[PDB]
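Atom set for the values below is all heavy atoms of this structure, side chains included, hydrogens, waters and symmetry mates excluded. Sequence lines set the chain letters: A, B, ... in the order given, protein chains first and strands last, and positions in each chain run from 1.
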Amino acid sequence: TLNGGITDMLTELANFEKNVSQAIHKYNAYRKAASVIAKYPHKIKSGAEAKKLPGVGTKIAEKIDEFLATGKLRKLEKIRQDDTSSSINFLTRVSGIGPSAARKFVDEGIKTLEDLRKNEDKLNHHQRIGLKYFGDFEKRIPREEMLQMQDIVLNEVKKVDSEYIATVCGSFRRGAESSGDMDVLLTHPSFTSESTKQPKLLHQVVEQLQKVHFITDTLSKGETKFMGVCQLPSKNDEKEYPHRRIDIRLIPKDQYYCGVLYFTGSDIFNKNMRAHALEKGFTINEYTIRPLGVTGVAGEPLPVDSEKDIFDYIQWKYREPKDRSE
DNA sequence: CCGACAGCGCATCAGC
DNA sequence: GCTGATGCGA
DNA sequence: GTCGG
Ligand SMILES: O=c1ccn([C@H]2C[C@H](O)[C@@H](COP(=O)(O)NP(=O)(O)OP(=O)(O)O)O2)c(=O)[nH]1
Ligand SMILES: [Cl-]
Ligand SMILES: [Cl-]
Ligand SMILES: [Cl-]
Ligand SMILES: [Cl-]
Ligand SMILES: [Cl-]
Ligand SMILES: [Mg+2]
Ligand SMILES: [Mg+2]
Ligand code: NA
Ligand code: NA
């Protein structure tokens with residue numbers, strides 16, 4: 001939080017470019033800068049100082065000087081006063097409503113939480129659940145609760161088949177004291193890059209979690225990725241816990257390490273690592289790390305037996321999960 | 001300058 | 001029904 | 001918006 005003021009500004013700018021301008025690259029440019037500045041171990045005294053960092057160019061350097069001097073950014077001050085921008089930014093906060101649907105809804109006069117509620121009919125399934133739990137999905141999950149949730153998930157999974165391995169990844173695995181949601185990497189020996197000897201592997205787990213009333217709603221669901229909602233059980237006379245978002249990813253067991261690396265993130269860390277990979281001549285996804293031929297075409301999967309092996313291929317020293325929070 | 005910017009699963013749609 | 005483009009989110 | 005060649 002040394003440069004909290006500056007990172008918030010850059011984040012707001014990023015959200016504006018993504019939600020309103022629908023300019024994704026500007027979105028990522030701003031996020032990269034906020035990220036590199038978030039880890040800068042000094043209290044930034046000037047844009048020039050910030051420009052030293054990779055990701056911070058002339059435009060952001062100027063904005064930082066304006067922020068350090070006045071404590072604000074006129075450009076943002078103006079964005080905040082624009083109704084269309086305010087409405088669009090707001091609507092995108094509903095899970096399932098992106099920049100397009102948000103701008104679309106505004107054209108139709110649907111601009112507030114109140115409007116969304118009297119217009120459920122105009123929403124798809126995902127947007128409907130997002131609206132339903134709008135408030136809850138805003139709340140962070142104390143790690144203490146993450147521990148309880150982990151307990152339930154691992155124990156319920158074990159009950160379906162002792163051969164399943166469920167690993168909580170995301171910010172939890174990185175040691176965060178609070179998480180935005182719970183991310184679970186799932187594996188089962190029957191499902192490998194070689195074959196799927198058992199269908200419904202993801203379904204069965206979802207089913208079991210719904211049975212014990214842990215999973216309450218489903219945003220989306222396929223053979224390998226589940227996007228849903230869950231809730232910790234509460235005691236008698238005790239107020240109910242907020243509903244939580246839960247993501248589950250079923251990955252071939254022989255590709256666990258590439259899968260655990262991906263799902264542990266962060267997303268910016270993954271973006272930096274994959275980009276670095278390309279430069280070194282490799283391509284990395286959640287399943288494998290492949291070399292890039294002279295043509296650019298990816299080759300065959302390289303042997304991987306630990307997260308570290310992936311780091312070695314691209315000539316990167318190993319970084320513990322707790323240090324991948326970019 | 002100018003092309004590149006990480007990679008991909010699920011939902012939904014147009015075109016056939 | 002299929003396939004491919006697009007939105008959305010991870 | 002920023003970067004590398
Ligand atoms: O754009 C994305 C989003 C997510 N991911 C990966 C990394 C991230 O850590 C993981 C889980 O996604 P979340 O959106 O749940 N983020 P995370 O768990 O890191 O943080 P939070 O506490 O917000 O959930 O998926 C990407 O690679 N790219
Ligand atoms: Cl852009
Ligand atoms: Cl401001
Ligand atoms: Cl692997
Ligand atoms: Cl692959
Ligand atoms: Cl995912
Ligand atoms: Mg998460
Ligand atoms: Mg998640
Ligand atoms: Na710089
Ligand atoms: Na949204």
Side-chain angles (χ1 to χ4, degrees), chain A residues 9-11 13-14 16-19 21-37 47 50-64 75 91-105 122-130 137 169-172 179-186 202-203 206 218-228 245-252 255 258-259 261-280 282-290 292 296 298 310 314 326:
Chain A
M9 172 191 84
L10 296 170
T11 297
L13 287 169
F16 165 86
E17 293 305 339
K18 191 171 79 75
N19 307 322
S21 308
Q22 285 185 290
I24 194 68
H25 298 298
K26 287 196 175 184
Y27 162 68
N28 286 313
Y30 277 127
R31 278 207 305 168
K32 170 180 288 191
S35 182
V36 81
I37 287 178
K51 195 174 181 304
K52 302 279 185 180
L53 306 188
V56 185
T58 300
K59 302 301 284 297
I60 294 177
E62 296 178 358
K63 285 183 172 55
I64 289 182
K75 179 176 170 63
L91 293 175
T92 62
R93 293 169 60 191
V94 178
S95 182
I97 297 184
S100 185
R103 184 174 287 285
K104 176 85 173 304
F105 283 134
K122 294 188 177 51
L123 311 182
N124 58 38
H125 185 68
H126 182 154
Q127 304 172 317
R128 183 175 301 232
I129 304 299
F137 294 175
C169 302
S171 56
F172 178 81
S179 296
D181 74 348
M182 169 163 278
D183 310 290
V184 185
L185 171 60
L186 182 72
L202 176 53
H203 184 68
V206 171
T218 299
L219 294 169
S220 60
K221 177 177 178 292
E223 287 301 305
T224 61
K225 185 175 75 181
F226 175 79
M227 211 173 288
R245 276 277 291 99
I246 180 172
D247 295 313
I248 300 173
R249 191 70 188 267
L250 173 64
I251 288 185
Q255 291 176 158
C258 273
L261 170 71
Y262 160 72
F263 226 25
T264 294
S266 68
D267 61 332
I268 292 177
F269 163 87
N270 284 355
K271 290 168 94 295
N272 293 335
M273 188 177 183
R274 294 175 174 199
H276 177 67
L278 294 172
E279 293 172 47
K280 286 298 188 181
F282 304 75
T283 182
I284 304 176
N285 60 24
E286 60 264 66
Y287 308 122
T288 57
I289 175 171
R290 304 159 178 271
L292 294 176
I310 308 172
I314 63 184
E326 313 191 311

Whole-Å distance separating the [atom1] atom of [X] from the [atom2] atom of [N]:
X        : N      : atom1 : atom2 : result
A:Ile268 : C:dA10 : CD1   : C1'   : 14 Å
A:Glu279 : B:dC5  : CD    : P     : 10 Å
A:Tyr30  : D:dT2  : OH    : P     : 7 Å
A:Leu261 : C:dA10 : CG    : P     : 19 Å
A:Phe263 : B:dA6  : CZ    : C1'   : 16 Å
A:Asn285 : C:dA10 : CG    : P     : 20 Å
A:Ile60  : D:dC3  : CD1   : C1'   : 12 Å
A:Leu278 : B:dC5  : CG    : P     : 7 Å

Once you look at the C1'-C2'-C3'-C4' sign, would you call D:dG1 north or south?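 South.
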
Within the 4.0 Å heavy-atom criterion, would you say [X] contacts the bases, only the backbone, or no part of the nucleic acid?
X        : result
A:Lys271 : base
A:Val94  : sugar-phosphate
A:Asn124 : sugar-phosphate
A:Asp267 : nothing
A:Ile24  : nothing
A:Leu53  : sugar-phosphate
A:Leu219 : nothing
A:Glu17  : nothing
A:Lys221 : sugar-phosphate
A:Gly170 : nothing
A:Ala23  : nothing

Take A:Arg249 and A:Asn28, find for each the nucleotide of DNA chain B with the closest heavy atom, and name the residue whose nucleotide sits nearer the 5' end.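 Looking at DNA chain B, the more 5' nearest nucleotide goes with A:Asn28.
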
Short side-chain N/O contact to [N] OP1/OP2 from [X], under 4.0 Å:
X        : N      : answer
A:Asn270 : B:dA6  : no
A:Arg245 : C:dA10 : yes
A:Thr224 : B:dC10 : yes
A:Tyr27  : D:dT2  : no
A:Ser220 : B:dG9  : no

Specify whether both conditions hold for B:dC10 and B:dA11: six-membered ring centres separated by under 5.5 Å, and ring planes at an angle under 30°.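 Between B:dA11 and B:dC10 there is base stacking, as the criterion is defined here.
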
Is any side-chain heavy atom of A:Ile246 closer than 4.5 Å to one of A:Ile248?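 Result yes, sub-4.5 Å side-chain heavy-atom pair found.
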
Can you tell which of [options] lies closest to the side chain of [X]?
X        : options              : result
A:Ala275 : C:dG7, D:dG1, B:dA6  : B:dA6
A:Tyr287 : C:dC8, B:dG9, D:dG1  : B:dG9
A:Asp183 : B:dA6, D:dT2, C:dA10 : C:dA10
A:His25  : B:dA6, D:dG1, B:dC8  : D:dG1

So which atom in [X] and which in [Y] form the shortest heavy-atom distance, rounded to 0.1 Å?
X        : Y        : value
A:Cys258 : A:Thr288 : SG-CA, 3.3 Å
A:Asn270 : A:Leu261 : OD1-O, 3.8 Å
A:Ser171 : A:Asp183 : N-OD2, 4.5 Å
A:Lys225 : A:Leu202 : N-CD2, 3.5 Å

Per-pair stack call A:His126 and C:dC8, 5.5 Å, 30°: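 It does not: the two rings, one from A:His126 and one from C:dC8, miss the stacking criterion.
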
Let me confirm the groove for A:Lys225: which one has a base atom less than 5.0 Å from the side chain?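 A:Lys225: minor-groove side, under 5.0 Å.
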
Look through every strand shown and name the nucleotide pairing with C:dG1 as Watson-Crick or G-U wobble, where both distances are under 3.5 Å.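 In the structure as shown, C:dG1 has B:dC16 as its Watson-Crick or wobble partner.
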
Scan every strand shown for a Watson-Crick or G-U wobble partner of C:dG7, both distances under 3.5 Å, and answer none if you come up empty.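 Across all strands, the one nucleotide that pairs with C:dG7 is B:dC10.
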
Side chain to side chain contact (heavy atoms under 4.5 Å, CB included) evaluation trace for A:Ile314 with A:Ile289: CA-CA 10 Å; A:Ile314 63 184; A:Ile289 175 171; 4.2 Å; yes

Using atom P in both nucleotides, what's the gap between B:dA6 and D:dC3 to the nearest angstrom?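 Between the two P atoms, the distance is 15 Å.
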
Determine, for A:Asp247 against A:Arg249, whether the closest basic-nitrogen to carboxylate-oxygen distance falls under 4.0 angstrom.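 No salt bridge links A:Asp247 with A:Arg249.
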
Got more than 12 heavy atoms from elsewhere within 6.0 Å of NZ, A:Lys32?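 It does not: A:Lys32 NZ has 12 such atoms or fewer within range.
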
